[PDB]
Each structure stands twice: as structure tokens, then as C-alpha cells.
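File shown: target_14.cif. Contents: mmCIF, C-alpha atoms; chains and numbers go by the auth columns.
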data_input
#
loop_
_atom_site.group_PDB
_atom_site.id
_atom_site.type_symbol
_atom_site.label_atom_id
_atom_site.label_comp_id
_atom_site.label_asym_id
_atom_site.label_seq_id
_atom_site.Cartn_x
_atom_site.Cartn_y
_atom_site.Cartn_z
_atom_site.B_iso_or_equiv
_atom_site.auth_seq_id
_atom_site.auth_asym_id
ATOM 1 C CA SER A 1 25.078 -7.369 20.046 0.00 22 A
ATOM 2 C CA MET A 2 22.144 -8.930 21.761 0.00 23 A
ATOM 3 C CA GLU A 3 20.237 -5.572 21.529 0.00 24 A
ATOM 4 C CA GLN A 4 20.742 -5.596 17.671 0.00 25 A
ATOM 5 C CA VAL A 5 19.273 -9.104 17.523 0.00 26 A
ATOM 6 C CA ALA A 6 16.257 -8.154 19.732 0.00 27 A
ATOM 7 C CA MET A 7 15.638 -5.168 17.418 0.00 28 A
ATOM 8 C CA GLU A 8 15.861 -7.425 14.375 0.00 29 A
ATOM 9 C CA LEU A 9 13.375 -9.859 15.900 0.00 30 A
ATOM 10 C CA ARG A 10 10.927 -6.877 16.464 0.00 31 A
ATOM 11 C CA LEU A 11 11.433 -5.858 12.765 0.00 32 A
ATOM 12 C CA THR A 12 10.808 -9.458 11.696 0.00 33 A
ATOM 13 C CA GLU A 13 7.652 -9.639 13.664 0.00 34 A
ATOM 14 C CA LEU A 14 6.432 -6.242 12.282 0.00 35 A
ATOM 15 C CA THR A 15 7.173 -7.636 8.804 0.00 36 A
ATOM 16 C CA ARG A 16 5.038 -10.670 9.698 0.00 37 A
ATOM 17 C CA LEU A 17 2.158 -8.475 10.758 0.00 38 A
ATOM 18 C CA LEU A 18 2.511 -6.103 7.728 0.00 39 A
ATOM 19 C CA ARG A 19 2.525 -9.108 5.412 0.00 40 A
ATOM 20 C CA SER A 20 -0.854 -10.193 6.787 0.00 41 A
ATOM 21 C CA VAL A 21 -2.094 -6.522 6.532 0.00 42 A
ATOM 22 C CA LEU A 22 -0.897 -6.369 2.913 0.00 43 A
ATOM 23 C CA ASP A 23 -2.775 -9.568 2.126 0.00 44 A
ATOM 24 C CA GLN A 24 -5.955 -8.313 3.654 0.00 45 A
ATOM 25 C CA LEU A 25 -5.740 -4.978 1.743 0.00 46 A
ATOM 26 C CA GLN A 26 -4.956 -6.645 -1.496 0.00 47 A
ATOM 27 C CA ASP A 27 -8.104 -8.810 -1.146 0.00 48 A
ATOM 28 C CA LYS A 28 -10.073 -5.607 -1.226 0.00 49 A
ATOM 29 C CA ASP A 29 -8.837 -5.184 -4.843 0.00 50 A
ATOM 30 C CA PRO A 30 -10.303 -8.195 -6.500 0.00 51 A
ATOM 31 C CA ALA A 31 -10.082 -6.689 -9.945 0.00 52 A
ATOM 32 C CA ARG A 32 -6.244 -6.430 -9.475 0.00 53 A
ATOM 33 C CA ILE A 33 -6.234 -2.801 -10.573 0.00 54 A
ATOM 34 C CA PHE A 34 -3.507 -2.003 -8.036 0.00 55 A
ATOM 35 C CA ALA A 35 -1.511 -5.194 -8.291 0.00 56 A
ATOM 36 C CA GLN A 36 1.318 -4.000 -10.527 0.00 57 A
ATOM 37 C CA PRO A 37 3.043 -0.702 -11.510 0.00 58 A
ATOM 38 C CA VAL A 38 1.278 1.443 -14.032 0.00 59 A
ATOM 39 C CA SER A 39 3.004 0.485 -17.357 0.00 60 A
ATOM 40 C CA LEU A 40 5.079 3.380 -18.818 0.00 61 A
ATOM 41 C CA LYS A 41 4.885 1.570 -22.155 0.00 62 A
ATOM 42 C CA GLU A 42 1.064 1.822 -22.014 0.00 63 A
ATOM 43 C CA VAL A 43 0.827 5.221 -20.149 0.00 64 A
ATOM 44 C CA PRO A 44 3.982 6.956 -21.425 0.00 65 A
ATOM 45 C CA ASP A 45 3.125 10.360 -19.862 0.00 66 A
ATOM 46 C CA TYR A 46 2.430 8.825 -16.408 0.00 67 A
ATOM 47 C CA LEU A 47 5.469 10.337 -14.625 0.00 68 A
ATOM 48 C CA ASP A 48 4.555 13.796 -15.843 0.00 69 A
ATOM 49 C CA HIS A 49 1.401 13.413 -13.683 0.00 70 A
ATOM 50 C CA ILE A 50 2.422 11.135 -10.799 0.00 71 A
ATOM 51 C CA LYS A 51 5.761 11.774 -9.126 0.00 72 A
ATOM 52 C CA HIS A 52 5.825 8.804 -6.770 0.00 73 A
ATOM 53 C CA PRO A 53 4.129 5.732 -8.380 0.00 74 A
ATOM 54 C CA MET A 54 3.182 2.854 -6.126 0.00 75 A
ATOM 55 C CA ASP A 55 1.467 -0.528 -6.390 0.00 76 A
ATOM 56 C CA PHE A 56 1.074 -3.702 -4.341 0.00 77 A
ATOM 57 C CA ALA A 57 3.954 -5.621 -5.992 0.00 78 A
ATOM 58 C CA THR A 58 6.400 -2.783 -5.279 0.00 79 A
ATOM 59 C CA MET A 59 5.180 -2.705 -1.608 0.00 80 A
ATOM 60 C CA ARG A 60 5.670 -6.450 -1.345 0.00 81 A
ATOM 61 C CA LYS A 61 9.316 -6.156 -2.574 0.00 82 A
ATOM 62 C CA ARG A 62 9.976 -3.522 0.071 0.00 83 A
ATOM 63 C CA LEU A 63 8.205 -5.559 2.724 0.00 84 A
ATOM 64 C CA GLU A 64 10.267 -8.707 2.024 0.00 85 A
ATOM 65 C CA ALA A 65 13.484 -6.767 2.234 0.00 86 A
ATOM 66 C CA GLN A 66 12.206 -5.661 5.723 0.00 87 A
ATOM 67 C CA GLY A 67 12.102 -2.124 4.344 0.00 88 A
ATOM 68 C CA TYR A 68 9.183 -0.840 6.475 0.00 89 A
ATOM 69 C CA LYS A 69 10.496 0.333 9.894 0.00 90 A
ATOM 70 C CA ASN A 70 7.036 1.152 11.293 0.00 91 A
ATOM 71 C CA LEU A 71 3.327 1.053 10.222 0.00 92 A
ATOM 72 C CA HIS A 72 3.464 4.784 9.264 0.00 93 A
ATOM 73 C CA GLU A 73 5.900 4.019 6.388 0.00 94 A
ATOM 74 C CA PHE A 74 3.667 1.160 5.131 0.00 95 A
ATOM 75 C CA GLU A 75 0.542 3.332 5.303 0.00 96 A
ATOM 76 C CA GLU A 76 2.361 6.059 3.373 0.00 97 A
ATOM 77 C CA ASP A 77 2.869 3.647 0.457 0.00 98 A
ATOM 78 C CA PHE A 78 -0.795 2.386 0.612 0.00 99 A
ATOM 79 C CA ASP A 79 -2.068 5.911 0.559 0.00 100 A
ATOM 80 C CA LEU A 80 0.118 6.605 -2.553 0.00 101 A
ATOM 81 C CA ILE A 81 -1.641 3.776 -4.389 0.00 102 A
ATOM 82 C CA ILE A 82 -5.039 5.344 -3.667 0.00 103 A
ATOM 83 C CA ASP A 83 -4.133 8.995 -4.010 0.00 104 A
ATOM 84 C CA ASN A 84 -2.151 8.560 -7.289 0.00 105 A
ATOM 85 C CA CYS A 85 -5.181 6.809 -8.826 0.00 106 A
ATOM 86 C CA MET A 86 -7.679 9.429 -7.672 0.00 107 A
ATOM 87 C CA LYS A 87 -5.573 12.165 -9.278 0.00 108 A
ATOM 88 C CA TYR A 88 -4.759 10.491 -12.622 0.00 109 A
ATOM 89 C CA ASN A 89 -8.205 9.046 -13.208 0.00 110 A
ATOM 90 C CA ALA A 90 -11.508 10.959 -13.310 0.00 111 A
ATOM 91 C CA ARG A 91 -14.315 10.394 -10.853 0.00 112 A
ATOM 92 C CA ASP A 92 -16.497 8.527 -13.368 0.00 113 A
ATOM 93 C CA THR A 93 -13.936 5.772 -14.055 0.00 114 A
ATOM 94 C CA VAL A 94 -13.683 2.212 -12.875 0.00 115 A
ATOM 95 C CA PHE A 95 -10.153 3.020 -11.677 0.00 116 A
ATOM 96 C CA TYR A 96 -11.135 5.929 -9.454 0.00 117 A
ATOM 97 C CA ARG A 97 -14.074 4.011 -8.088 0.00 118 A
ATOM 98 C CA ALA A 98 -11.859 1.028 -7.300 0.00 119 A
ATOM 99 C CA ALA A 99 -9.532 3.285 -5.314 0.00 120 A
ATOM 100 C CA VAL A 100 -12.415 4.730 -3.289 0.00 121 A
ATOM 101 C CA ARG A 101 -13.621 1.229 -2.391 0.00 122 A
ATOM 102 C CA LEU A 102 -10.084 0.141 -1.475 0.00 123 A
ATOM 103 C CA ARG A 103 -9.590 3.171 0.726 0.00 124 A
ATOM 104 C CA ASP A 104 -12.935 2.622 2.510 0.00 125 A
ATOM 105 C CA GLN A 105 -12.423 -1.085 3.035 0.00 126 A
ATOM 106 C CA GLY A 106 -8.745 -0.803 3.927 0.00 127 A
ATOM 107 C CA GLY A 107 -9.579 1.711 6.703 0.00 128 A
ATOM 108 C CA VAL A 108 -11.054 -1.065 8.833 0.00 129 A
ATOM 109 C CA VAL A 109 -7.964 -3.273 8.452 0.00 130 A
ATOM 110 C CA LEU A 110 -5.542 -0.434 9.143 0.00 131 A
ATOM 111 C CA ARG A 111 -7.458 0.690 12.230 0.00 132 A
ATOM 112 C CA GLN A 112 -6.916 -2.691 13.922 0.00 133 A
ATOM 113 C CA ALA A 113 -3.365 -3.001 12.636 0.00 134 A
ATOM 114 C CA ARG A 114 -2.490 0.224 14.460 0.00 135 A
ATOM 115 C CA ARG A 115 -3.952 -1.166 17.699 0.00 136 A
ATOM 116 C CA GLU A 116 -1.928 -4.460 17.204 0.00 137 A
ATOM 117 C CA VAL A 117 1.316 -2.646 16.492 0.00 138 A
ATOM 118 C CA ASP A 118 0.894 -0.478 19.648 0.00 139 A
ATOM 119 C CA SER A 119 -0.468 -3.447 21.690 0.00 140 A
ATOM 120 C CA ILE A 120 2.359 -5.956 20.814 0.00 141 A
ATOM 121 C CA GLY A 121 4.807 -2.959 20.759 0.00 142 A
#

Would you encode the structure as C-alpha cells?
Amino acid sequence: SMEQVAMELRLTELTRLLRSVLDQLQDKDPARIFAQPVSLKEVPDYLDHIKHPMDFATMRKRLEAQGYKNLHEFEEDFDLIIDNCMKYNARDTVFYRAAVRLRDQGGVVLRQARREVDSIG
């Protein structure tokens, strides 16, 4: 149908905008602490602690399959990156501190993304 196509164009354009959001958030992680999944070879107990692992590469795979239907789903995954890190790692660690800084800096980017998603519809 034509409606199905229109819907798919909307999803494509959201994917475009979320790709730019993802790039902006990932720049706030210049150490690349959140770039890849936590290695279960190197942290073999990780899944005993963290039930839903997340990282920027995994988000990018979902994004490119057009797997985010709305900004809420995308934000859910970004918050997992931060919150998983803040639980597994102690406050005095470079990992925890990196997550705080990513959360604080990403806030700005996500605030305007929400306005753009609503604005463009």
C-alpha cells in the first residue's frame, strides 16, 4: 500500500536522525569505553551482574536494521549503556566516571532530538 510506504519513509527518516544522534553521543566517549560489548572472555561473570548488556556497536546494528520504532526505544538502549556501567563499576573508577560524563553530555543532545522528533513528526 501507499500508507505502508509512507510509514516506511517516516521510519527511514527517524533512522537518519537517530544515526546522527548516535554519532553525537558516541563523540562524548572519546576513550571508546562504550564502543563494544563487554567481553565475556575477559569478564566471565558479567552476565551474573548485568542482565541486559548494551554498547554502541550493538545499538548501531539495531539502528541499521531500522530496529528503533521511536526515540524512546533508542533512549532505552543508551540508558542501559550508562546504567549497566554505573552498577558493575565502583564510583572511583575510570569506567564509572566515563559513564557519568556521557550521561551528562548526552542529555543536551537527547533534549534537542526529542524536540526534532516531535517537530518533524

Practice prompt. Take the point (2.9, -4.9, -3.6) as written in the file and pick out every residue within 12 Å of it, counting all atoms listed in the file; give the list as JSON, numbers by chain.
Written response: {"A": [39, 40, 42, 43, 44, 45, 46, 47, 48, 50, 53, 54, 55, 56, 57, 58, 74, 75, 76, 77, 78, 79, 80, 81, 82, 83, 84, 85, 95, 98, 99, 101, 102]}

Fill in: Explicit residues for the PyMOL selection byres ((chain A and resi 34) around 12) (as a PyMOL selection string)
chain A and resi 27-33+35-41+84-85+87+89-91+137-138+141-142

Item to complete: Please determine the residues with any atom at most 10 Å from (-5.3, 6.9, -6.7) (coordinates as given in the file, with only C-alpha atoms counting) and report them as a ChimeraX atom specification.
Response: /A:55,71,74-75,99-111,116-121,123-124

Practice prompt. Go ahead and compute the interatomic distance for atom CA of residue A:122 and atom CA of residue A:62, in Å to one decimal.
Written response: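 Separating atom CA of residue A:122 from atom CA of residue A:62 is a distance of 27.1 Å.
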
Worksheet item: Can you tell me how far atom CA of residue A:131 sits from atom CA of residue A:49, in Å to one decimal?
Response: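 Value for the atom CA of residue A:131-atom CA of residue A:49 distance: 12.4 Å.
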
Discussion item. Report, in Å with one decimal, the straight-line distance from atom CA of residue A:60 to atom CA of residue A:86.
Written reply: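 Separating atom CA of residue A:60 from atom CA of residue A:86 is a distance of 23.4 Å.
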
Because the input lacks atoms here, generate N, CA and C atoms for stretch 37-69 of chain A and report them as a short mmCIF file (atom, residue, chain, number, x, y, z; two decimals), in the frame of the given file.
data_model
loop_
_atom_site.label_atom_id
_atom_site.label_comp_id
_atom_site.auth_asym_id
_atom_site.auth_seq_id
_atom_site.Cartn_x
_atom_site.Cartn_y
_atom_site.Cartn_z
N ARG A 37 6.09 -9.65 9.66
CA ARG A 37 5.04 -10.67 9.70
C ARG A 37 3.67 -10.05 9.74
N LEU A 38 3.49 -9.08 10.61
CA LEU A 38 2.16 -8.48 10.76
C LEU A 38 1.78 -7.66 9.49
N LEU A 39 2.72 -6.87 8.99
CA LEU A 39 2.51 -6.10 7.73
C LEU A 39 2.26 -7.00 6.54
N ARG A 40 2.89 -8.18 6.47
CA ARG A 40 2.52 -9.11 5.41
C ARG A 40 1.06 -9.53 5.46
N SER A 41 0.53 -9.81 6.65
CA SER A 41 -0.85 -10.19 6.79
C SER A 41 -1.78 -8.96 6.44
N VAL A 42 -1.37 -7.77 6.90
CA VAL A 42 -2.09 -6.52 6.53
C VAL A 42 -2.11 -6.36 5.00
N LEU A 43 -0.99 -6.58 4.35
CA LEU A 43 -0.90 -6.37 2.91
C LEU A 43 -1.83 -7.35 2.23
N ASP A 44 -1.90 -8.58 2.75
CA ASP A 44 -2.78 -9.57 2.13
C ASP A 44 -4.21 -9.22 2.25
N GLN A 45 -4.59 -8.72 3.40
CA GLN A 45 -5.96 -8.31 3.65
C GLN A 45 -6.30 -7.14 2.75
N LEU A 46 -5.38 -6.20 2.59
CA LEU A 46 -5.74 -4.98 1.74
C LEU A 46 -5.84 -5.39 0.31
N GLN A 47 -4.93 -6.23 -0.12
CA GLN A 47 -4.96 -6.64 -1.50
C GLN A 47 -6.22 -7.46 -1.86
N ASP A 48 -6.83 -8.14 -0.89
CA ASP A 48 -8.10 -8.81 -1.15
C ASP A 48 -9.25 -7.86 -1.41
N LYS A 49 -9.12 -6.62 -0.94
CA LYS A 49 -10.07 -5.61 -1.23
C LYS A 49 -9.96 -5.01 -2.63
N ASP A 50 -9.11 -5.63 -3.46
CA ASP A 50 -8.84 -5.18 -4.84
C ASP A 50 -9.02 -6.38 -5.73
N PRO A 51 -10.27 -6.87 -5.82
CA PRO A 51 -10.30 -8.20 -6.50
C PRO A 51 -10.12 -8.09 -8.00
N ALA A 52 -10.37 -6.90 -8.54
CA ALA A 52 -10.08 -6.69 -9.94
C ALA A 52 -8.57 -6.64 -10.30
N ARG A 53 -7.69 -6.55 -9.29
CA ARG A 53 -6.24 -6.43 -9.48
C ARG A 53 -5.80 -5.16 -10.20
N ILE A 54 -6.55 -4.09 -9.97
CA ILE A 54 -6.23 -2.80 -10.57
C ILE A 54 -4.95 -2.23 -10.01
N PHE A 55 -4.67 -2.62 -8.77
CA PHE A 55 -3.51 -2.00 -8.04
C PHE A 55 -2.37 -2.99 -7.84
N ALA A 56 -2.46 -4.15 -8.47
CA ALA A 56 -1.51 -5.19 -8.29
C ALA A 56 -0.10 -4.94 -8.78
N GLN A 57 0.03 -4.16 -9.88
CA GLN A 57 1.32 -4.00 -10.53
C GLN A 57 1.56 -2.49 -10.84
N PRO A 58 2.81 -2.09 -11.07
CA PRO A 58 3.04 -0.70 -11.51
C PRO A 58 2.32 -0.31 -12.73
N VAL A 59 1.80 0.90 -12.77
CA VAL A 59 1.28 1.44 -14.03
C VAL A 59 2.39 1.32 -15.11
N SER A 60 2.06 0.67 -16.24
CA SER A 60 3.00 0.48 -17.36
C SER A 60 3.39 1.82 -18.11
N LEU A 61 4.67 2.16 -18.17
CA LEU A 61 5.08 3.38 -18.82
C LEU A 61 5.10 3.12 -20.30
N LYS A 62 5.12 1.84 -20.71
CA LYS A 62 4.88 1.57 -22.16
C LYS A 62 3.48 1.94 -22.57
N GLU A 63 2.48 1.53 -21.78
CA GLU A 63 1.06 1.82 -22.01
C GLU A 63 0.49 3.22 -21.58
N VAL A 64 1.15 3.86 -20.60
CA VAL A 64 0.83 5.22 -20.15
C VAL A 64 2.14 6.03 -20.14
N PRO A 65 2.63 6.39 -21.36
CA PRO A 65 3.98 6.96 -21.42
C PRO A 65 4.16 8.31 -20.73
N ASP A 66 3.09 9.08 -20.58
CA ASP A 66 3.12 10.36 -19.86
C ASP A 66 2.97 10.20 -18.34
N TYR A 67 2.93 8.95 -17.80
CA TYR A 67 2.43 8.82 -16.41
C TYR A 67 3.26 9.67 -15.39
N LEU A 68 4.57 9.66 -15.57
CA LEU A 68 5.47 10.34 -14.62
C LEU A 68 5.44 11.84 -14.71
N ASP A 69 4.82 12.40 -15.76
CA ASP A 69 4.56 13.80 -15.84
C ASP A 69 3.41 14.18 -14.88
#
